[PDB]
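Q: Shown below is the structure under consideration.
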Amino acid sequence: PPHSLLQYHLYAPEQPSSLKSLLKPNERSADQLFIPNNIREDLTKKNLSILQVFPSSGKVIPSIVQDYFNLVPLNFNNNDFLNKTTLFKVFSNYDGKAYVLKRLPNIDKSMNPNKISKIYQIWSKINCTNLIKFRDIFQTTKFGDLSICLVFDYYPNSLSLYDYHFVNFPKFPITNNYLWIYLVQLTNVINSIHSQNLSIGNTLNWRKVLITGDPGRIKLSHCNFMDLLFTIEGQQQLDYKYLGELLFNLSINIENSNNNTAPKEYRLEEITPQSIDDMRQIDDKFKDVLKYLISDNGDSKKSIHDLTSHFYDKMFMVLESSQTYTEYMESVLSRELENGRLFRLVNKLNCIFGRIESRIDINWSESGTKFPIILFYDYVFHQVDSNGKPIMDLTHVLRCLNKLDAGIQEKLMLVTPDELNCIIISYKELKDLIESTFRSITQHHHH
Amino acid sequence: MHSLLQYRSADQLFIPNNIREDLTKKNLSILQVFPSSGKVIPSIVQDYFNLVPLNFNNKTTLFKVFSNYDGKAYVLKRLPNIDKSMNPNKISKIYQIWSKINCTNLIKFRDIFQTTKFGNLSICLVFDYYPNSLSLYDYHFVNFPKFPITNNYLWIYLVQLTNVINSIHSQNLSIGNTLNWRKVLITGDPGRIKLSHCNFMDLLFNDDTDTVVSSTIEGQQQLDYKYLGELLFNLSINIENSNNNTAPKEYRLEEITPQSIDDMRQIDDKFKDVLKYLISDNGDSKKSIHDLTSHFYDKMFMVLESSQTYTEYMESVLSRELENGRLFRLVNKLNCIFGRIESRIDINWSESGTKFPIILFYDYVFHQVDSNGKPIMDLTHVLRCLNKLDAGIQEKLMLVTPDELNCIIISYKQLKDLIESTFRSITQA
Amino acid sequence: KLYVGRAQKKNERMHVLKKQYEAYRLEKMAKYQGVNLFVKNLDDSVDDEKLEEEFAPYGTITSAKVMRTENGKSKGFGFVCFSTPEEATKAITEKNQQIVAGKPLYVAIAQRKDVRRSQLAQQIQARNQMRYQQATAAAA
Amino acid sequence: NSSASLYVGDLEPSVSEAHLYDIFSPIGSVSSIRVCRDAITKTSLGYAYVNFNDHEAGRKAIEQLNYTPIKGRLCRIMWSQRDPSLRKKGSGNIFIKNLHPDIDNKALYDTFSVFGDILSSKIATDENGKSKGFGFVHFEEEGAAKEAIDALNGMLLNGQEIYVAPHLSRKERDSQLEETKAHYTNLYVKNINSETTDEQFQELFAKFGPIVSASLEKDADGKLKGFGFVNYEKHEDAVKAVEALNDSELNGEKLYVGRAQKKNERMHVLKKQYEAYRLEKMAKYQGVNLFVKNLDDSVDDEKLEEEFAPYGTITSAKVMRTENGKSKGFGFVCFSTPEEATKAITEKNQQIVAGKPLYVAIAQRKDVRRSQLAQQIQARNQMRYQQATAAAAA
Amino acid sequence: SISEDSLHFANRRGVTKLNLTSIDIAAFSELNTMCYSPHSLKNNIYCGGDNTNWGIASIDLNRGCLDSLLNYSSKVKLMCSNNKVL
Amino acid sequence: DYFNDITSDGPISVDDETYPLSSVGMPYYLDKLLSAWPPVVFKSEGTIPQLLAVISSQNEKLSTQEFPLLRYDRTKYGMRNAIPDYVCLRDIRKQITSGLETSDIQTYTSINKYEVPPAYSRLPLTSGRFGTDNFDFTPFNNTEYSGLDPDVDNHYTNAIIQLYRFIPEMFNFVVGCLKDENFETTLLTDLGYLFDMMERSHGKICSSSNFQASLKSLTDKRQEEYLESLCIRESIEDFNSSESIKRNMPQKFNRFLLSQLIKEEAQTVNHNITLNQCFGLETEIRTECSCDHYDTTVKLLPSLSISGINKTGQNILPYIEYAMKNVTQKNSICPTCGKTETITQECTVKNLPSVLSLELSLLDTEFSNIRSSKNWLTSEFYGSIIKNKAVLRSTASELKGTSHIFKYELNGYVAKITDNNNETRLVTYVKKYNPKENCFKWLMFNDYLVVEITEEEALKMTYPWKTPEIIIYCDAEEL
RNA sequence: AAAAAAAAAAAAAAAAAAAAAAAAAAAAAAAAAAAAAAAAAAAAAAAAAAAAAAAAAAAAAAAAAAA
Ligand SMILES: [Mg+2]
């Protein structure tokens with residue numbers, strides 16, 4: 001209910017990478033052990049974005065709309081200023097489902113549910129990445145009156161690309177990588193509308209293109225009733241007009257994102273072929289793509305082939321990038337899973353270690369089994385180095401944790417504690433020993 | 001206080017049902033190494049050690065190896081038959097030709113070396129170990145189970161091989177005989193199939209790589225088109241055949257049958273255009289992958305669909321795993337110095353000693369007795385206390401022996417200070 | 001006049017001597033732990049050398065760029081080295097909550113390479129969310 | 001981008017944040033009031049700040065209330081976003097000087113707001129409205145200030161120009177009163193030989209400050225005192241020949257130039273004497289003197305000097321009284337011996353001289369205030385223990 | 001608190017600041033009684049010894065370690081001071 | 001005991017997945033938490049890991065399903081809970097790189113104490129009949145002293161070669177033994193041929209393959225107290241090992257080397273014991289097992305292993321005075337007790353032979369203390385038999401003893417260098433006497449590198465990379 | 001017969017000295033006169049002024065063995 005950060009290198013701090021500038025492949029690190037900071041803070045920001053509420057009512061807005069409660073507004077940079085806005089986060093009865101609800105009040109010439117029903121099923125049958133779930137549309141007597149509600153998914157980080165590059169705080173642009181990525185996302189969704197036989201819809205140009213996912217997303221939410229809330233070949237011709245508009249726009253906005261200067265949008269009567277031939281840091285093949293994306297003159301509903309009749313290699317390089325992101329995502333997810341397993345493991349370790357009555361002798365052993373338990377604990381945790389100073393190495397520990405976590409039949413030699421009573425032991429025996437000790441102490445029916 | 005209770009197919013197509021269990025089984029395959037291999041080659045050979053094998057005929061040349069210089073699971077292949085590599089010039093040339101070879105499904109060339117450690121001479125090369133290497137014919141037909149194949153997966157694998165084609169032909173070279181199902185390696189529940197062998201063992205034996213301009217690698221392009229076509233054709237006719245068990249139907253370039261390639265069971269005309277583009281190896285074509293991808297034209301978007309959907313599913317499940325690393329460093333600080341044998345019995349750790357209650361609360365959590373006196377965890381309370389002590393806020397804490405002694409009512413930030421002070425004093429003087 | 005024409009440091013890292021010597025420097029930087037601290041608020045009543053010998057009992061400044069704007073206008077800032085982090089802790093505990101004239105002589109670590117503007121960004125975001133919330137509640 | 005966080009300067013201690021809230025509560029969006037009670041003894045820094053949730057209501061409260069009397073003193077409410085940067089830059093309050101002594105920040109603000117919103121405006125408006133005729137006015141930035149310079153340097157404003165060209169020090173309404181053609185601090189040259197004439201006081205001296213008036217000062221005794229009044233052009237050249245022609249040769253004789261009748265625009269001569277007195281005022285002893293309080297009244301400097309005659313070379317025996325009447329306890333003997341003073345720390349501390357005991361401590365008016373600080377400490381301590389006692393006493 | 005061997009000092013909370021034995025010199029071996037030192041009243045002690053080093057010692061309680069030692073030979077039953085006496 | 005405890009219901013002790021480790025914990029903090037991790041190298045992943053005394057009732061009192069074994073030895077398997085240093089085959093790539101080219105490698109002086117100077121480094125391999133090629137040595141030595149070749153399976157005793165060549169008692173003895181045939185005395189004769197070859201070579205390079213193969217083939221001809229020395233001996237094969245220079249190997253090698261030297265000395269054609277008396281410490285060792293069933297034995301043990309029990313100020317001479325006379329106990333089973341025999345044992349050297357060996361076996365704490373103690377070791381000390389102990393003072397004026405003050409001057413020692421590149425090798429320090437000028441010199445011998453350093457540099461132990469292990473005091477007149 | 005308490009908590013209070021017009025004095029050569037954060041807030045390390053950097057240290061090996 002109070003406003004604070006708790007992320008000022010506070011959730012986990014930053015570490016000097018000047019040591020990492022001169023570092024060996026043997027030399028590992030805690031981020032290399034666990035996670036880099038960026039994904040962590042992004043996911044926690046996403047979690048708080050999901051739960052941006054601390055327990056109150058918010059009854060000044062209508063609060064329950066047909067088993068959709070906790071109407072809380074997406075106030076990221078909400079373009080309904082000096083007005084009670086229409087796009088809220090809401091929680092369903094089922095899944096508690098995090099939803100963007102958009103309610104359009106004050107309608108009179110849309111009383112037929114059949115028009116919104118065919119726009120519903122016609123756009124519920126669609127299925128793509130950037131084709132956010134078109135759901136739950138009916139006019140209601142709340143949000144003022146006659147609010148036609150529609151529902152998309154919540155999908156945080158509302159980053160309509162002007163947000164993602166120009167409201168953006170470190171000011172990074174999008175070079176040719178995200179160029180081709182957004183190119184194949186738009187090519188995907190125009191192939192989707194040529195498939196499902198609908199228009200371009202309404203919105204483009206830094207509107208409804210909020211980037212929820214990481215690797216470069218379109219996620220175009222509104223391709224809906226522009227005017228018919230209350231030919232198709234011409235609409236699938238003017239798709240090229242909208243599209244080449246955005247492409248000329250960002251293809252010259254690279255030159256403005258050279259500096260930290262907020263750009264203006266450069267609508268259809270600024271698309272000039274001299275500016276095509278004269279803008280900088282642009283592929284001239286991509287300039288010829290925009291020469292085709294000089295909008296659709298012959299008014300056939302042209303599919304994506306004549307667009308893609310210049311190239312296919314960079315689509316494969318985009319696919320390459322997506323596979324690269326998924327692979328090292330699975331790498332760091334493997335690191336996180338093995339950390340969770342080993343944390344449960346050390347929970348089992350210190351569960352019975354350190355009884356008060358056991359700490360009597362030098363080694364703190366009470367009964368028969370406990371000294372062959374805590375036999376391990378010196379070379380696992382209390383590892384003084386070769387030079388003689390007591391230190392900690394997280395990578396000898398983790399290789400040990402790897403070799404013990406399975407409980408394999410391989411043995412190991414130890415000296416504990418008098419450096420006379422040597423030992424060797426195999427690790428399945430250790431596993432079963434800890435299990436039998438756990439049932440011997442935390443029997444969980446009587447003990 | 002700060003939180004409550006929180007957080008077959010069509011296009012997603014990558015849905016393991018117990019998926020983190022599958023990944024920890026994969027890492028379990030990464031784990032062990034059987035030390036009693038009895039190999040005349042020892043562990044410590046040529047910057048690598050703990051050489052444990054895999055299945056017979058690449059009964060060796062497939063070695064799981066934990067690395068010395070890197071510390072990473074690698075695969076090794078012996079080539080235990082050749083013995084003559086008279087020019088390190090061509091060995092360095094191969095080091096150039098594959099150290100620059102960079103892709104995804106082409107698994108990266110690490111290094112090569114001709115050892116004398118097996119008894120014989122052997123030009124052993126290494127690549128990256130991936131857990132649980134299979135073919136698609138393994139993934140369905142050779143090994144249990146047999147997932148019923150759709151055309152979607154065929155498009156996916158088609159995208160994979162065209163990626164390989166784009167990769168090696170950006171590198172203006174070719175492959176050779178690797179496009180049998182056996183010599184490729186899938187990478188799990190998705191296809192994402194990463195080839196390994198790449199058939200360059202002949203290059204160690206003579207010199208035909210783009211210098212023979214007959215190039216001859218264009219003939220190898222058309223050859224790999226033919227291998228590609230029989231690979232997909234055996235995949236198709238065997239998937240229709242081994243709906244349950246009828247595997248394989250091994251067909252060759254001789255058994256190419258462009259009649260029954262076109263009279264296949266369930267391949268559409270677009271697939272038939274694909275296989276007819278493969279099978280009509282005519283003169284002077286040097287077939288355009290731009291044309292064949294224009295024949296494909298849609299599946300790039302479908303594998304991007306599956307890729308980002310599986311990706312979002314990975315972070316959606318990764319949401320509830322992140323609370324480990326801070327916690328594991330907490331345990332690192334905790335059991336880094338708890339029972340050091342110099343400090344097991346000394347002056348500043350007794351009940352009259354300095355760092356006395358840092359012991360006491362320690363196992364207070366860990367041996368909190370029940371109403372019957374049984375030390376029972378109730379890990380809710382444990383992690384509650386763990387995050388509270390991790391914080392540093394100011395609380396009041398009852399503590400007993402159980403009986404009437406050494407009771408101290410305390411807060412956290414001073415415990416923080418003594419912990420870091422002790423850790424730093426341990427770390428150096 | 002033996003006119004000694006000085007050379008600025010243009011030779012960097014060719015032999016092994018800067019590689020191993022900067023390995024020893026990095027081994028020192030593993031053991032400094034915030035020695036050279038940013039002096040913030042060089043106040044009016046505290047001069048450069050006045051600072052430099054107020055904290056000469058509390059650290060050895062091996063690199064002293066403590067100036068004003070060529071001793072014209074104030075810098076307001078400098079660099080003063082310390083001994084160890086716990087000597088930094090005692091320097092915190094002794095020289096705290098003293099207004100000299102209007103600004104405290106806050107010699108500490110260096111930060112804010114963005115993070116002032118990250119804070120200002122999240123505060124504007126919080127004000128926007130709370131401002132629509134309070135506008136909604138006020139509009140009832 | 002702060003909504004509003006606004007400077008309120010030239011305050012008086014009557015204006016609390018209750019009174020600021022009573023002023024700015026019909027503005028509309030009261031967020032907070034940072035009254036800058038600086039943490040020495042809750043003193044103002046000369047200012048405070050008011051924070052507003054609304055940027056527009058903050059701009060409103062500035063442009064309505066800039067030198068308006070909040071509880072009788074005009075409110076110097078401006079912007080201070082760049083003012084910590086003006087602090088740790090040295091810049092800020094530039095010297096737009098020769099201002100008007102009857103025009104405050106409000107009238108000249110609304111006048112030269114055509115030159116700009118003056119982000120750091122002050123005139124010499126102390127004393128509940130009286131300006132001395134100058135101040136530190138500075139606009140937004142260098143461009144608007146330079147526009148005001150190049151547009152208005154020497155114009156007319158109620159029969160007065162301004163001067164931002166030179167960093168003109170204080171007393172600028174009375175600058176021409178200082179520059180009046182009759183009075184001037186002359187230069188007494190001491191021990192002059194009779195060879196120097198009215199001609200000779202202008203020969204080598206007119207270069208060091210131009211001379212028309214050159215007077216061989218004979219006295220009312222007919223002779224020369226040896227002291228001659230050199231009449232330069234400006235008191236800075238009186239400075240130039242008191243600290244450049246000091247014991248110099250005009251022809252062959254001394255120029256011990258002292259300042260004949262200082263007019264106070266150059267100053268602080270022998271103020272170091274003050275700090276020389278700081279060798280012996282509050283750090284009283286230098287382990288030499290003895291603040292011996294609580295004598296008898298019959299113990300005069302008579303009996304004090306009588307007691308301290310075995311205690312070294314007595315240099316200053318002195319008891320302050322009610323106008324040489326009633327002493328209220330205290331005397332002093334500045335010694336010349338520190339070890340006999342240590343012998344008195346042994347002996348003459350805790351000493352009956354006549355019937356009432358001697359009291360020895362080093363003499364300062366300095367740490368009376370530090371003792372009052374300790375009184376504040378013990379007062380807040382007994383307040384705290386009484387608060388705990390009344391809390392837990394039930 | 002002071003025992004025959006251990007000299008402990010907790011805070012009024014009950015939390016522990018110090019506790020020592022005869023650490024490396026035989027300070028807290030023979031222990032008799034507590035005092036305070038002549039710099040302040042409720043401050044560092046001048047702890048009474050008899051022959052543990054046959055010299056009575058002050059220890060700065062609030063720094064953690066030594067204040068002063070002195071050579072008084074004879075045994076002491078009891079000790080007092082108002083402000084600066086012994 | 002604050003009431004943020006309205007509910008925490010389920011005992012979810014470990015491994016429940018109806019609630020994972022994703023924290024539902026903390027109240028909202030303000031500042032940095034405990035897991036601030038300090039920077040470290042973490043440089044020990046993957047460095048090729050590997051694999052009478054009865055069990056006391058330190059652990060037997062709680063033994064059930066037991067399997068203990070009281071067999072751990074400190075020299076055998078090293079430091080308890082230690083982590084080995086990292087040296088992969090990038091160091092073998094450095095062995096592929098050249099050693100030195102067109103300068104002098106003989107820089108034995110680093111400005112930093114941590115850096116290994118170039119003279120203490122590995123010298124490169126001796127390429128034989130390579131293509132119109134061979135390896136040369138003339139920059140490595142400019143003196144007239146013969147060099148060795150490390151291409152032999154000792155890796156150790158090359159320094160012992162350069163050591164025991166420089167004892168004129170030993171040298172003139174064995175070169176007297178050479179003039180007879182003595183077909184049975186293998187190591188005596190072959191060592192003598194090796195030292196005479198190094199003598200008359202006059203700077204010419206030498207190898208030890210005759211004596212390497214002779215020592216080896218004798219120690220190959222294996223299956224007593226000789227065999228009790230040999231029971232841990234032959235574990236040197238298959239040279240792959242975490243220790244190339246190992247803790248206890250060259251110590252036992254010099255031990256039973258001198259033992260076999262005195263055996264072949266005792267089986268000459270003349271059968272002298274001149275080295276045995278001349279080098280032997282008269283250790284009356286009194287293994288006081290029982291009051292009756294015990295042993296006293298005077299063994300003429302020529303070396304002195306430094307066990308280092310409590311190091312009984314900081315310098316070497318009281319530690320040697322401990323090692324002469326010392327009593328302790330032991331739990332070795334003598335049959336007259338049946339149970340765990342709490343036996344005791346005292347040791348007293350009864351002579352002062354003119355040459356005193358010092359083999360070191362101690363923890364790295366005291367080695368770092370010698371790195372702190374400047375001039376820790378003693379250059380020349382005077383010793384005498386006081387009543388039950390050789391008191392070993394600097395001069396006699398400290399304490400004259402009760403028997404015959406001698407004059408014992410150090411000749412040299414063997415320096416283990418464990419460099420910055422994690423390479424462990426050996427270097428002879430010796431102080432050759434000159435009777436022509438009655439002076440001395442400190443010859444540093446690496447494998448074939450021959451220089452002279454100063455005495456205090458030879459006495460300098462402050463380097464972290466430098467460690468003495470095998471120290472030979474001589475008599476000053478016998479020096 | 002202006003005749004005041006003879007100092008808590010190391011309180012607490014002295015200064016140890018000047019323009020000299022004493023006589024017939026003009027208008028800043030000053031060397032610079034130059035206050036603003038405080039809603040969880042201002043933040044170089046490398047080592048720090050190139051007022052003169054020649055910078056491939058020749059090479060060649062017809063090759064071994066040793067029956
Ligand atoms: Mg030959």
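We name chains A, B, ... following the order of the structure tokens; residues begin at 1 in each chain, and ligands are numbered from 1 as shown.
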Define the interface residues of chain C facing chain G as those within 7 Å, counting only C-alpha atoms (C1' of nucleotides), and report them as a VMD selection string.
A: chain C and resid 6 to 8 38 40 110 to 112
Q: Could the residues in this selection be saved with C-alpha atoms as a short mmCIF file (atom, residue, chain, number, x, y, z; two decimals), in the first residue's frame?
A:
data_model
loop_
_atom_site.label_atom_id
_atom_site.label_comp_id
_atom_site.auth_asym_id
_atom_site.auth_seq_id
_atom_site.Cartn_x
_atom_site.Cartn_y
_atom_site.Cartn_z
CA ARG C 6 57.55 14.31 -20.30
CA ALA C 7 55.60 11.53 -21.99
CA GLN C 8 52.01 10.73 -21.07
CA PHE C 38 33.72 10.04 -3.66
CA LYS C 40 30.22 14.72 -1.93
CA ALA C 110 30.05 6.03 -6.02
CA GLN C 111 26.73 5.06 -7.63
CA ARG C 112 23.86 6.58 -9.71
#
Q: Can you tell me which residues come within 9 Å of ligand 1 when counting only C-alpha atoms (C1' of nucleotides) and all ligand atoms, ideally as a list in words?
A: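 Here is the list of contacting residues: residues 64, 65, 66 and 67 of chain G.
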Q: What parts of range 6-177 of chain A does DSSP call helix (DSSP H, G or I)? I'd like the answer as a PyMOL selection string.
A: chain A and resi 18-21+30-33+37-50+113-124+162-165+176-177
Q: Just N, CA, C and O atoms for this one: save the residues we selected as a compact mmCIF listing (two decimals), in the first residue's frame.
A:
# COMPACT_ATOMS: atom_id res chain seq x y z
N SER A 18 34.65 -6.09 -13.66
CA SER A 18 36.05 -5.84 -14.01
C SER A 18 36.92 -7.04 -13.67
O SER A 18 37.94 -7.27 -14.33
N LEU A 19 36.55 -7.80 -12.64
CA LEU A 19 37.19 -9.09 -12.40
C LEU A 19 36.79 -10.09 -13.48
O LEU A 19 37.60 -10.94 -13.87
N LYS A 20 35.56 -9.99 -13.98
CA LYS A 20 35.11 -10.87 -15.05
C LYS A 20 35.73 -10.51 -16.39
O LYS A 20 35.70 -11.33 -17.31
N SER A 21 36.28 -9.30 -16.51
CA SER A 21 36.99 -8.91 -17.72
C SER A 21 38.27 -9.70 -17.89
O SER A 21 38.70 -9.95 -19.02
N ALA A 30 28.86 -16.44 -9.36
CA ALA A 30 27.56 -16.69 -8.74
C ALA A 30 26.42 -16.43 -9.71
O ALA A 30 25.40 -17.12 -9.66
N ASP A 31 26.57 -15.45 -10.60
CA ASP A 31 25.61 -15.30 -11.69
C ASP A 31 25.72 -16.46 -12.67
O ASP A 31 24.71 -16.96 -13.17
N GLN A 32 26.95 -16.89 -12.93
CA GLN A 32 27.16 -18.10 -13.72
C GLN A 32 26.70 -19.33 -12.97
O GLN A 32 26.34 -20.34 -13.59
N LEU A 33 26.70 -19.27 -11.64
CA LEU A 33 26.06 -20.32 -10.86
C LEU A 33 24.54 -20.26 -10.99
O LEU A 33 23.90 -21.29 -11.23
N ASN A 37 21.08 -10.78 -13.56
CA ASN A 37 20.17 -9.97 -12.76
C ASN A 37 18.93 -9.56 -13.54
O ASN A 37 17.84 -9.44 -12.96
N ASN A 38 19.08 -9.39 -14.85
CA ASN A 38 18.07 -8.75 -15.69
C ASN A 38 16.80 -9.59 -15.79
O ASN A 38 15.69 -9.06 -15.67
N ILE A 39 16.95 -10.89 -16.00
CA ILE A 39 15.80 -11.78 -16.12
C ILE A 39 15.06 -11.85 -14.80
O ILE A 39 13.83 -11.83 -14.76
N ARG A 40 15.82 -11.88 -13.70
CA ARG A 40 15.26 -11.90 -12.36
C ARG A 40 14.40 -10.67 -12.09
O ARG A 40 13.24 -10.79 -11.68
N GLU A 41 14.96 -9.48 -12.32
CA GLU A 41 14.21 -8.27 -12.03
C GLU A 41 13.05 -8.09 -12.99
O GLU A 41 12.00 -7.56 -12.60
N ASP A 42 13.20 -8.56 -14.24
CA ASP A 42 12.10 -8.51 -15.19
C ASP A 42 10.95 -9.39 -14.75
O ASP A 42 9.79 -8.98 -14.81
N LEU A 43 11.26 -10.58 -14.25
CA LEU A 43 10.20 -11.49 -13.84
C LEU A 43 9.54 -11.02 -12.55
O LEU A 43 8.33 -11.17 -12.38
N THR A 44 10.31 -10.42 -11.64
CA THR A 44 9.70 -9.91 -10.42
C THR A 44 8.85 -8.68 -10.70
O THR A 44 7.80 -8.48 -10.08
N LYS A 45 9.30 -7.84 -11.64
CA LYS A 45 8.48 -6.73 -12.09
C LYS A 45 7.22 -7.22 -12.76
O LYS A 45 6.15 -6.63 -12.59
N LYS A 46 7.32 -8.33 -13.50
CA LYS A 46 6.13 -8.94 -14.09
C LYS A 46 5.20 -9.50 -13.02
O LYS A 46 3.98 -9.40 -13.16
N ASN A 47 5.76 -10.05 -11.95
CA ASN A 47 4.94 -10.62 -10.88
C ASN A 47 4.18 -9.53 -10.15
O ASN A 47 2.98 -9.66 -9.87
N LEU A 48 4.87 -8.44 -9.83
CA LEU A 48 4.20 -7.32 -9.19
C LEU A 48 3.24 -6.63 -10.16
O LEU A 48 2.23 -6.07 -9.73
N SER A 49 3.54 -6.68 -11.46
CA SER A 49 2.61 -6.19 -12.46
C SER A 49 1.34 -7.03 -12.48
O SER A 49 0.24 -6.51 -12.71
N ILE A 50 1.48 -8.33 -12.25
CA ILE A 50 0.32 -9.20 -12.12
C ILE A 50 -0.45 -8.85 -10.85
O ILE A 50 -1.68 -8.77 -10.86
N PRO A 113 -26.74 -8.46 -30.87
CA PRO A 113 -25.60 -9.30 -30.45
C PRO A 113 -25.04 -10.16 -31.56
O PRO A 113 -23.99 -10.77 -31.37
N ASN A 114 -25.71 -10.24 -32.71
CA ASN A 114 -25.21 -11.07 -33.80
C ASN A 114 -23.99 -10.47 -34.48
O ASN A 114 -23.10 -11.22 -34.90
N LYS A 115 -23.90 -9.14 -34.58
CA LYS A 115 -22.74 -8.50 -35.20
C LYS A 115 -21.49 -8.70 -34.35
O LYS A 115 -20.43 -9.10 -34.86
N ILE A 116 -21.60 -8.45 -33.05
CA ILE A 116 -20.47 -8.70 -32.18
C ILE A 116 -20.24 -10.19 -31.99
O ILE A 116 -19.11 -10.60 -31.73
N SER A 117 -21.26 -11.02 -32.20
CA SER A 117 -21.08 -12.46 -32.09
C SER A 117 -20.30 -13.01 -33.28
O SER A 117 -19.45 -13.88 -33.12
N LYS A 118 -20.58 -12.51 -34.49
CA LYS A 118 -19.81 -12.97 -35.64
C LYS A 118 -18.42 -12.36 -35.66
O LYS A 118 -17.48 -13.01 -36.12
N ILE A 119 -18.26 -11.13 -35.15
CA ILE A 119 -16.92 -10.60 -34.98
C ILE A 119 -16.18 -11.36 -33.89
O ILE A 119 -14.96 -11.49 -33.93
N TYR A 120 -16.92 -11.90 -32.92
CA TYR A 120 -16.35 -12.71 -31.86
C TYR A 120 -15.83 -14.03 -32.40
O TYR A 120 -14.62 -14.29 -32.37
N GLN A 121 -16.74 -14.87 -32.92
CA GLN A 121 -16.35 -16.20 -33.41
C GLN A 121 -15.45 -16.12 -34.62
O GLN A 121 -14.62 -17.01 -34.84
N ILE A 122 -15.59 -15.07 -35.43
CA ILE A 122 -14.71 -14.88 -36.58
C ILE A 122 -13.31 -14.54 -36.12
O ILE A 122 -12.33 -14.82 -36.83
N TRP A 123 -13.18 -13.95 -34.94
CA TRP A 123 -11.87 -13.62 -34.39
C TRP A 123 -11.57 -14.41 -33.12
O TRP A 123 -10.57 -14.14 -32.46
N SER A 124 -12.43 -15.34 -32.75
CA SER A 124 -12.03 -16.38 -31.81
C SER A 124 -11.49 -17.60 -32.52
O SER A 124 -10.73 -18.36 -31.92
N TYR A 162 7.28 2.81 -29.25
CA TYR A 162 7.69 4.14 -28.81
C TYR A 162 8.03 4.13 -27.33
O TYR A 162 8.93 4.86 -26.89
N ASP A 163 7.30 3.33 -26.55
CA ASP A 163 7.71 3.05 -25.18
C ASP A 163 9.04 2.33 -25.15
O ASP A 163 9.94 2.67 -24.37
N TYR A 164 9.19 1.32 -26.01
CA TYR A 164 10.32 0.41 -25.94
C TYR A 164 11.61 1.02 -26.47
O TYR A 164 12.69 0.48 -26.22
N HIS A 165 11.53 2.15 -27.17
CA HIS A 165 12.72 2.80 -27.68
C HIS A 165 12.80 4.28 -27.43
O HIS A 165 13.88 4.84 -27.60
N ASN A 176 19.13 -4.19 -37.06
CA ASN A 176 18.59 -5.04 -38.12
C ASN A 176 18.00 -6.35 -37.59
O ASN A 176 17.10 -6.92 -38.22
N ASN A 177 18.47 -6.80 -36.42
CA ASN A 177 17.91 -7.98 -35.76
C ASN A 177 16.41 -7.83 -35.49
O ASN A 177 15.59 -8.58 -36.04
Q: Tell me which of F:275, F:105, F:26, F:459 sits closest to chain A, counting only C-alpha atoms.
A: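 That would be F:26, the residue with the smallest distance to chain A.
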